[PDB]
Amino acid sequence: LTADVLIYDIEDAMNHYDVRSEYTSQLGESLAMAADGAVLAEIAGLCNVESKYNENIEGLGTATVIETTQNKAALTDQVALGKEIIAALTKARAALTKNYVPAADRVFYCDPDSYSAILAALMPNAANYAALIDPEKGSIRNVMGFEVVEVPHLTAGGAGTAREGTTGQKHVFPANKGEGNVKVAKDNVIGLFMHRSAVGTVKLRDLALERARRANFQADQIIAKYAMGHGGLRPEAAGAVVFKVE
Amino acid sequence: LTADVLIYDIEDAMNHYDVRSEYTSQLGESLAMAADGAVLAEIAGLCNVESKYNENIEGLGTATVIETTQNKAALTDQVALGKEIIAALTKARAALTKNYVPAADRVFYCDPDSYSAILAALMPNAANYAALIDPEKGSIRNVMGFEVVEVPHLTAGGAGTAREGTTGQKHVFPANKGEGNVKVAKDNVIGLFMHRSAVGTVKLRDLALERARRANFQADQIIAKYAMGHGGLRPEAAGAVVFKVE
Amino acid sequence: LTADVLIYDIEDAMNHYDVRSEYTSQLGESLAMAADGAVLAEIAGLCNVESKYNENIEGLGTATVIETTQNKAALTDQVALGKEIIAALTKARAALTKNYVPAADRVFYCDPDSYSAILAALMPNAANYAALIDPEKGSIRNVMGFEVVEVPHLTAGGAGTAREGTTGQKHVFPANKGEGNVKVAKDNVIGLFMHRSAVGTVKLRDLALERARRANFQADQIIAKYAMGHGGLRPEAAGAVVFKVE
Amino acid sequence: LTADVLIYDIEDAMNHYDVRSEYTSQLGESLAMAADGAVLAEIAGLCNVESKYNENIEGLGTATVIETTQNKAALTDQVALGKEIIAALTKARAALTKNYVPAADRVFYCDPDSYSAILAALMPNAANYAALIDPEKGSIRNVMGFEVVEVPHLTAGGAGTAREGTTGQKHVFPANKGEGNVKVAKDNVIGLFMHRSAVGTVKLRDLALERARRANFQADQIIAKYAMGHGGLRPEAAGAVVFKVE
Amino acid sequence: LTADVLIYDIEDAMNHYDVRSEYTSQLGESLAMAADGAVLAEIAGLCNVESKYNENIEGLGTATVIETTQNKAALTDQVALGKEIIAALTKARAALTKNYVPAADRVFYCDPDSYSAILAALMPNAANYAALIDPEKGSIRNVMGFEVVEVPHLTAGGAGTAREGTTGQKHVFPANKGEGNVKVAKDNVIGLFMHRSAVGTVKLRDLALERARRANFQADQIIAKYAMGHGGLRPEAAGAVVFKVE
Amino acid sequence: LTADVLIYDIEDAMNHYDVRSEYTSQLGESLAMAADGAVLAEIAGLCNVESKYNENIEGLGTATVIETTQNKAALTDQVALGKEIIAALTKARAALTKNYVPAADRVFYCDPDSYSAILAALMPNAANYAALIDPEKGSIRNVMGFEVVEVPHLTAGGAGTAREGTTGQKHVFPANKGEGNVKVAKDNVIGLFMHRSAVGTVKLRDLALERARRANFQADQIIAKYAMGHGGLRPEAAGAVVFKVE
Amino acid sequence: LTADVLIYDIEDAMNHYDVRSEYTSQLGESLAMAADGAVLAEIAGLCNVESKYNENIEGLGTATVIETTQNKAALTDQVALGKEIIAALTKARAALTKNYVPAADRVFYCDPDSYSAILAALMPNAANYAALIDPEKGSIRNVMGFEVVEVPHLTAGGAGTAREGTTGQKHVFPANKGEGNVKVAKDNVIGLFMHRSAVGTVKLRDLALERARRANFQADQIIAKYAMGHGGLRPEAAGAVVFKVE
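Residue numbers (our numbering), protein chains in the order written: chain R, 1 to 246; chain A, 247 to 492; chain L, 493 to 738; chain C, 739 to 984; chain P, 985 to 1230; chain E, 1231 to 1476; chain Y, 1477 to 1722.
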């Protein structure tokens, strides 16, 4: 449900508005640099950048809290609101990188390399050095330093067996936190396990769109919810979350 | 009798009010993630955030203090009151994780893993690395960092032999205090020894309840207590303390 | 497009002003000193500092941002401005060491040794020890410690096979960063790959021009750009960027 | 649905109130006596009185009535309210002896002997003399005379064939009324047929809970109920109804 | 003379006042509780507590300090006062457990088991595992975790040869300090050597008297003391120190 | 010359005054505890404590500074004064434990055991566990925790090879500081190397006399010192420094 | 050229004035520890606190800066002045430990042990533990904790392989900064690499001369410097820098 917000920040975000949810990531931009001195040429390249389209009812996943706990603790609502936002904002990042889009996508394995590739066997016991070479492959045009999204299990596997550092991962850190990977900070979440690492740059794979955060619609008006006072705080992922390329 | 208050704070706490004692935890709520779109299913998620039962004579454990000491030191009563509260509030966390409920439960060994499992032999001399992997298993869905409850013996044994750190436990700390374990602070109490560590999340095993603290009923009205002035301060655990899943 | 600003700093920079772009580097020099006591000998200290000439307009490289992204995110303009500057200030260092001058130069391979030489085969799998001996050749009169500009691919090649250190390069470091090479910090960029290392002195190969940074001319006045609101933020490398000796 | 209220009255009832419903039954009891002239003696007595547990959605069984009949007859609401109360207060007595507890219990045959036993074949055509000997087993310790619950079928069967009296049951009486069985009054309900009779003391089998009667909520607020005026009076058994031992 | 104050704290202390010194300890008691659900059987919890009698002058043994030391160092008096208090308060614990009462007691060997028993040969080189089982015998009604009082020589003997841990004692610790034994902290003093460990509960063996601490009576009024200025600061163990059962 | 001040503090200090320097340490004190019942006896023991005698001219060892440095830095005098005080106050401790008394003593090896014994071979490479048992032997009548004086060399030997802890000494600490040995803080000085550790009680071995600190007599009145301005700040150990027993 | 100022601070500094540059360190002062007593042992220790002599052209190393940059940035002069001061104040520390004295000295390898010794092969890959033992050899007579000067290469080599700590040096720190070595802070400069560590006491090897800092003489009066405006800022090391013992 809830993970770390790290792939959202580096990744591009936008807000087009229609009946669906809409987004722009800094994709291609060839941009004919023409020429000069004497004399100029027409900007015969073109304005690029991508804008895409997605229509499905906001990724739902209700949360339910009783009136007694709602009254005893006033904070538990705002904390729930503050937890479920992140949950679908990470069900964003994962579903912006590779996981569950509101529209049904293929259930996938590891985090995208340059973009999602087939899962292969790794020579060391934990997933390894393919990390270093990846956002290093993104050392071309390309800006480096990308949050490799690893499962905590392979992080402990990293902390145990051969890695960039045999003890700890690339950097010795606890799971699910702003930590340290190859050339930047690591990301630890479930669903996305590390294989060949991520260079989430930041377009082809990822692109965040939101009218607002995941919509927290709390309905006290249900056939059973009204009398108990039990709440129906339903996370419906307002805005959205999509990959253009796996 | 008295232990450390650490599993109570992270644990869910509530107050309904019968003649008994009652509690609500954020239990395995079937938050049926009905992605819906169009059209829905009636969320296969019936409100499962539990409220549960316990009823017995409030956890007894009398402490008898003389009138002469009661008059010589005025503080000895409030300190006793301030010690026995914690005692059954830690007999709470204990009988909230795995120990002695007012109602007779099975006498159990180590602290619950994800929940209580059969005791197994550990490779190193002290109980080990299963520590890190546990609240790291609580790095999925879950928030991580759970107070692993360990005996001062295995803590000092950890401070002696192979652990996360060969000297000290996971963190070098004295026993029976807010210290340091895997990814958070450790707990050190007698009765609950460490094996495979705890991911007290937070509902399934643990859930605190109380009308009030353990009921301190001091009776000066006993056949032998009145003439001596000797007090009959009897800790009867008001509210109470329970597990739903061992 | 964008690389690291490391060669620019160690490289000499100036600003003459005419219709063209201009620059001065401290070329070869006789720091004649002679022997003392009584009496001294002649100091034929004739400095051979240079000033050169280049007439071509500002290495262009337009960038494009839609009005919607410009309005939603105010930062994306200043970040673009702050990215494209570096891009052509590194297209500078590059076309100041060996890359693409505003005036058409020969497309070249590796980074200059003492200056650009023919590409030869290297005995170890990655590009090697010729590193250490290069700024060691830069120890006579010469100041030592020059940022050897290596491609990321050979950096991981270094981090894999025989180098100064078999694991890591000369120093175990991330790409595209102020890292570590032979007797100083390394530079990692694409286009300039390591062969026989650089003794960037400092002058002969390198010399920075600038009236200002790469000129960012944003035109909202294009036949298609005005109605969309899409921006024509055109990088044109103001000042310039040239080698005297390849 | 609706039966006779007789087992409820002879049964122990209590009101604790938390979130789930609660109850205390006198688990038997011991009593003593004293003598005079001189020299008064003390009574050695232990008034056995247990208390237990039931959490579930209040025993449902909606009854829908139209606005036209609600307006035509004002009494039809209070009569319905006065009928459904008894219904779940007899679904009480039933699920207090052996029937349908809010929590799913095993579907059972006849009324408890001393407590629910296996159904056996009876020698006479109708269920017989085991009646007299049962509250005669309640002649020792226990008080005697317990409302044996029988179906109108075996009552009319008793009225036809060999019983305590060949014509009529133990006493000649109509079905579903405060009548006459062995040593006391009989009970006649459907669901609980007579086999070996009942010594409903009072505890082990039976114990009545109630914050209030079965909660009568009438909803004029349903998608189809508002326009028609049709009422949604739903019997949800507030308090509860249980067996400690079948 | 001086030892550790650890047995005094766990042991009961009181103050009756007459010509002699006096004390009260909570002797072995019945905490009759009985069963519930129902219904409490007889609580014949007749508390057996004790108060005893001892007559002799306060365990003496002077302490000499010259006027020149008293004048030069002002602290050496308060330090002496602060050392001799402990000395006879540990001659207390000692003559409260097993040592030298103001009234002549039998010169004894080891620390009391459940109470003083005959000294036997121990299988391992140092005194051993009888340790763990002693406060484990103290796990019925009996409280656990008692400061096992051991001689330093057997503590290093423990630190050398087979114990609970072959290196160190039960816990690897310095002598004469709040250290670590079986299921609690150890006590290290002379006179009381370890054999079969102590379950110092907390009455039968031990009970502390005191009107005040060991009475420090400094007399500058002796035929030889006045002229030299030499002080006759005499420890006389005010209150007292006794065993009821060896 | 200069060492650490740690043995001086734990050791008894005094000041008798005549032509010589004089001192009293808390040696023996028999102390006839006598008794009572009724029924006292004369204190037939006797007040003891030791006072001793030493006559030699204050341990000399000049410190000669120049006027130019004395005028340039005013602090260099007070710092010298503040260094040489410690020097002969550590030449005290070492000459209070075993080193150089103003009166010619035998040149000795290691620090006193219970008092200076013959140097023997130690089983581990560095000087070892005899440490733990020593001030532990001083856990009897004796108070524990004595600053074991060790050479920095054997401290590194401790930090390198088998000790109480294989890395670090008894405690991992830098040399010549208030550190950590067996049961207290360690002392590191040259001249006194560790063999079998010290139980500096406190008297028999040690006793500090001082009229004042080591006398800092600065003479600007020497045949060569007056014209140069060069100072003759000569440390003459005012007060003294002696062992009663080696 | 420029290094860190750390050896200068711990080193003695002075200022005699003649035609040459001059200096006084607290050198091997024969502080004849003539214990004296009687019968004057006229201190066989002549005042040996040294004052030495050195005459040569102030350490040259010109830095030429153009008028255009001098006018464009006013700070570049004061920064240069503030950089070259340190340069020859570290060429000081260097030619105060072992480097380049104004008078021609032998070109040497590593930093002095107790003073410069022959370079030997070290067992571990980087230069090692001889670190800890060295200022620990200066834990005798001497004050300890001396800035061991090491190259960034062996620092990063130390950060890679076996040292006091396998990761990092003695302390994990960046190169060319006030960091951490054995017992104190480390120094990292090029030219002085680490072998067996430094006990810079403080005197024997080191001693700083200065009338002032390295003399910054900027001449705008050269045959080619006047018309261009190019400055002739020549670092001629005023004061001086010498070893008395290598």
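Backbone N, C-alpha and C define an ideal beta-carbon position, used for all residues, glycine too.
Residues near residue i by beta carbon distance below 8 Å, same chain, minus five either side
i: C:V881; result: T939
i: Y:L1572; result: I1483, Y1484, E1487, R1681, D1682, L1683, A1684, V1717, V1718 and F1719
Candidates the options, of which the one nearest residue i by Cα
i: P:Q1010; options: P:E1034, P:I1027 and P:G1129; result: P:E1034
i: A:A249; options: A:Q464, A:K344 and A:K337; result: A:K337
i: P:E1120; options: P:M998, P:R1180, P:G1012 and P:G1029; result: P:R1180
i: C:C785; options: P:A1022, P:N1032 and P:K1036; result: P:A1022
i: P:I1206; options: P:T1048, P:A997, P:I991 and P:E1026; result: P:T1048
i: Y:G1521; options: Y:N1530, Y:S1506 and Y:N1532; result: Y:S1506
i: Y:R1617; options: Y:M1490, Y:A1489 and Y:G1504; result: Y:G1504
i: P:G1066; options: P:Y1099, P:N1040 and P:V989; result: P:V989
Residues of its chain near residue i, where Cβ-Cβ distance is below 6 Å and the 5 sequence neighbours each way are ignored
i: C:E888; result: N926 and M932
i: C:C848; result: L857, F931 and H933
Contacting residues, own chain, Cβ-Cβ under 7 Å from residue i (five flanking each side not counted)
i: A:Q464; result: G477, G478 and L479
Beta carbon proximity, residue i to chain B, threshold 8 Å
i: C:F884; result: No chain B is present in this structure, whose protein chains are R, A, L, C, P, E and Y.
Exercise. Count the C-beta pairs between the region 1182-1191 of chain P and the region 1135-1149 of chain P that are closer than 8 Å, then say yes if the count reaches three, no if not.
Key: no
Practice problem: Give, in chain order, every residue of the region 49-74 of chain R whose Cβ lies closer than 8 Å to some Cβ of chain A. | Solution: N56, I57, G59, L60, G61, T62, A63, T64, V65, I66, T68, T69 and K72
Quiz item: For the region 1450-1462 of chain E, which residues have a CB atom closer than 7 Å to at least one CB atom of chain Y, in sequence order?
Solution: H1460
Quiz item: For the region 477-492 of chain A against the region 427-434 of chain A, are there 3 or more C-beta pairs whose distance is under 8 Å?
Solution: no
Exercise. Would you check if there are 3 or more beta carbon pairs closer than 8 Å linking the region 1237-1257 of chain E to the region 1468-1476 of chain E?
Key: yes
Self-check item: Cβ contact (3+ pairs, closer than 8 Å) linking the region 128-138 of chain R and the region 156-174 of chain R
Solution: yes
Quiz item: Taking contact to mean at least 3 C-beta pairs separated by less than 8 Å, is the region 1039-1056 of chain P in contact with the region 1256-1265 of chain E?
Solution: yes
Practice problem: Using a Cβ-Cβ cut-off of less than 7 Å, list which residues of the region 1244-1276 of chain E approach chain P; keep chain order. | Solution: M1244, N1245, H1246, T1254, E1259, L1261, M1263, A1264, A1265, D1266, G1267, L1270 and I1273
Quiz item: Got a sec: which bits of the region 405-417 of chain A sit with their beta carbon under 9 Å from any beta carbon on chain P, in order along the chain?
Solution: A405 and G406
Exercise. With 8 Å as the limit, tell me which residues of the region 1157-1178 of chain P have their beta carbon closer than that to any beta carbon of chain A; keep them in chain order.
Key: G1164 and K1167
Quiz item: Which full runs of the beta strand (DSSP E) of 3+ residues lie inside the region 1272-1356 of chain E, going along the chain?
Solution: 1280-1284
Quiz prompt | Interface residues of the region 1359-1370 of chain E facing chain P [CB-CB below 7 Å] | solution = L1362, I1363, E1366, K1367, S1369 and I1370
Quiz item: Where are the beta strand (DSSP E) runs, 3 residues long or more, that stay fully inside the region 1365-1389 of chain E, in chain order?
Solution: none
Exercise. Can you check the region 1643-1695 of chain Y for any beta strand (DSSP E) of at least 3 residues that lies completely inside it and give the ranges in chain order?
Key: 1691-1695
Practice problem: Give the residues from the region 70-101 of chain R that approach chain A closer than 8 Å (Cβ to any Cβ), ordered along the chain. | Solution: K72 and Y100
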